[PDB]
Amino acid sequence: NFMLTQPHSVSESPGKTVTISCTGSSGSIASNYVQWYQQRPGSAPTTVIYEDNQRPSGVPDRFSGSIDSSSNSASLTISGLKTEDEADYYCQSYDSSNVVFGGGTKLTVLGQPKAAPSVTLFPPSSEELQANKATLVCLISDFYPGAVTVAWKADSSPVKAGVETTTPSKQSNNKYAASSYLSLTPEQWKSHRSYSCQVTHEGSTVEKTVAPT
Amino acid sequence: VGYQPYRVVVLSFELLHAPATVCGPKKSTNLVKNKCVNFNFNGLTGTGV
Amino acid sequence: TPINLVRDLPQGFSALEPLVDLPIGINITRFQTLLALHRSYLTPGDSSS
Ligand SMILES: *[C@@H]1O[C@H](CO)[C@@H](O)[C@H](O)[C@H]1NC(C)=O
């Protein structure tokens, strides 16, 4: 029942000093070796310090660790932060026969330009109609901020059933892009005269319309 | 959670040679009459009907 | 107290009852009253003469 306690969120401006703690629950922190792994997002973890004072060959000198056995806490001190330090630090105590990893500590330090919501629409294809389905796809792209509200319309009545939308995502254009899908039956697509997608972004509204042709 | 804006206020009390100005009230039970009882109406410990 | 007189206040008697009691507890040594003036169409409207 030995668990390591680590703060969830730690943020500090670059160039300053910060202390990362790791508190043991039952066993004393000086009983067993405490190791810190620096893991980049979408990458394998890498050892950043071991033996509570020993640095691996390759990491810089700033990664310093200390042990406070009176408070049952392991302290990792970082001095002079910069960009690539934005990784996850897990304090590891294998103890005996079981690695107890820490919760983890991330980093948070801080140009997206404003843009117009280009909107395109497509009607359901004939192949989809032959496969007893119909889906209207609304696409919002090349815009900023990434906070848009979609509202499907059947001629004049809003449609909310079967509406699926995507959260805005980052692209190479430094702008945002999103998507919206309206699943429909083949008879519902041809029941209304026209279907339109309305996109609201920074007050301005861009609306496209399609018709069964 | 450790860096969010928190609205913190402190309520302090003062003790001087002045009567109470802002203080809590007191509850109210029943009332009796025409019997020899003791009453404390803020100025006297009077016993009587 | 209603009256119909402009000068030499009458010899009648009238007590004074309280309206509010303020427990402030501060010094006081000087006082001054406030008056209100009117700005009609006859006066130019400037507070000089
Ligand atoms: C109040 O006034 C008296 C004299 O007018 C002065 O001696 C005393 O210090 C004053 N106290 C306070 C609290 O201002």
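Chain C goes by Spike glycoprotein,Fibritin,Expression Tag in the PDB entry, where it is assigned to Severe acute respiratory syndrome coronavirus 2.

Chain B appears in the PDB entry as Spike glycoprotein,Fibritin,Expression Tag from Severe acute respiratory syndrome coronavirus 2.

### Notes on the overall build of chain C
If you tally the helices and strands in chain C, you get 0 helices and 0 strands. Dimensions along the principal axes, computed over C-alpha positions, put chain C at roughly 45 × 35 × 20 Å. Per-residue burial over chain C gives 0% buried out of 49 residues.

### Quick word on the sheet that holds strand β13 (residues 163-170) of chain A
Residue and element names in this part refer to chain A. Reading across the sheet, the 4 strands line up as β9-β10-β14-β13 and stay open at both edges, with antiparallel pairing between neighbours. The open sheet has two edge strands with one neighbour each: β9 (118-122) and β13. For this sheet, the mean angle separating the axes of adjacent strands, direction not counted, is 15°. Inspection of the sheet shows β13 paired to strand β14 (residues 176-184) by 6 bridges, in the antiparallel sense. The residue bridging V163 from the neighbouring strand is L182, located in β14.

### A look at the packing of aromatic side chains
All names here are of chain A. What the rule picks out here adds up to 5 aromatic pairs over all chains. Between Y37 and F101 the ring centres are 6.3 Å apart and the planes differ by 65°, which places this aromatic pair in the edge-to-face class. On the criterion of sequence distance, the pair formed by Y37 in strand β3 (residues 35-39) and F101 in strand β8 (residues 100-101) is long-range, its members being 64 residues apart. What makes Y37 partly exposed here is its relative accessible area of 22%.

### Quick notes on the sheet that holds strand β15 (residues 195-201) of chain A
Residue and element names in this part refer to chain A. Pairing in this open sheet of 4 strands is antiparallel, and the strands run β12-β11-β15-β16 from one edge to the other. Where the open sheet ends on each side, the last strands, each with one partner, are β12 (157-159) and β16 (204-210). Strand after strand, the sheet turns through a mean of 30° between neighbouring axes, direction not considered. Both β15 and β16 contribute to a ladder of 7 bridges, which runs antiparallel. Paired with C197 across the strands is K208, a residue of β16.

### Quick notes on the pattern of salt bridges
Summed over all chains, the structure comprises 4 salt bridges over all chains. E84 of chain A is the salt-bridge partner of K82 of chain A, the closest N and O atoms lying 3.2 Å from each other.

What counts and what doesn't
Residues numbered from 1 in each chain as written, not as in the entry; some residues may be left out. Chains lettered and ligands numbered in written order. Part of a larger assembly, values for the part shown. Heavy atoms only, no water. Helix = DSSP H or I, 4+ residues; strand = E, 2+ residues; numbered from the N terminus. Buried < 20%, exposed > 50% of the residue type's maximum accessible area, 1.4 Å probe, protein only. Pairing = 2+ DSSP bridges. Axes fitted to C-alpha atoms, helices over the stretch in contact; angles between N-to-C directions. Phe/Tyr/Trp six-rings, centres within 6.5 Å; stacked < 30°, edge-to-face > 60°. Salt bridge = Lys/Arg side-chain N within 4 Å of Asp/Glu carboxyl O.

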